[PDB]
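Only one chain comes next, encoded as structure tokens, the form deposited without the ligand.
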């Protein structure tokens, strides 16, 4: 309870030598208490770059664009994704920077934040989301989202199971007013998120130690949905105003992400936000030893066919062999302490 008592979003500025060991820097920042906020920003060394130039990607194909339709009032909204026909980045850029769709003029980001919550049901934008891809170029060995070096890919090394987006990279091409809803990442994993180029991306975060209180509110407000799925927030369809969070006493923080910066979301950290204008972000999940407990306790999407669901079996068997017989019995009643850092942080 001592490291980051306010539970605010922190920012770290690793040195090139510190930057090179990914898993070890995550253990670092968690020792500093970054995980309590549920979200952290990491700025890479000025020397570092993931790709020489972004000039040559305008023929990149966005196969399944989404038009984001939003109904709702008083701070609470539901977001419907209409899929439109594929288009190339160029076609997207042009659409994004057109005046129908360009960022409104503004001074301070607070005003841009109010414009978002004021006009999010008007003029449904298009989000080139969930594009299978990397923009890293092959040789970049530090923080390559394509190959981050984590215990996560025991999923597909030892069990041979490709979960596209979870342990393969995703691209996001956004424009002004495009949202991602309140959501923890699948299986309550960590996620990483680099913004390659373009306008900023603004994030909201609820501390994992107060996540259950966010869940209670949403159940109250969408009773119909709560009835249908254990974890209806996993549908990534539900948007809640910061005004509503303040009103009902759910703690949270805001942070804006600039081009060239990394965001880390932590297990059972709820997040949401919006893009300021045309940009491109790259994202994948990943894990540490601390995630293993969250993995096990993860409530999942009952609604569906397709829930990303990961066999916990292989992880417990390797890193928790002294509880595997107990767990398999279903009598593993370990209680999670959201403030505790991952064990890898013992050294720091």
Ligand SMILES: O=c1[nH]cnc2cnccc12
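Positions refer to the first chain, counted from 1.
Another form, the form deposited with the ligand bound, is not on view; read the next lines as being about it.
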query: Shown form pocket vs the ligand in the bound PDB entry, superposition, backbone/C-beta distance 2.4 Å; finding: open
query: One residue of 143, 203, 252, 278 in contact with the ligand, assessed in the bound PDB entry (non-hydrogen atom, 4.5 angstroms); finding: 203
query: The unique member of 116, 268, 172, 92 whose heavy atoms fall within 4.5 Å of the ligand in the bound PDB entry; finding: 172
query: Joint contact, 127, 193 and 236 to the ligand in the bound PDB entry, by non-hydrogen atom at 4.5 Å; finding: yes
query: Which of 179-187, 94-102, 150-158, 205-213 lines the interface with the ligand in the bound PDB entry (heavy atom within 4.5 Å); finding: 179-187
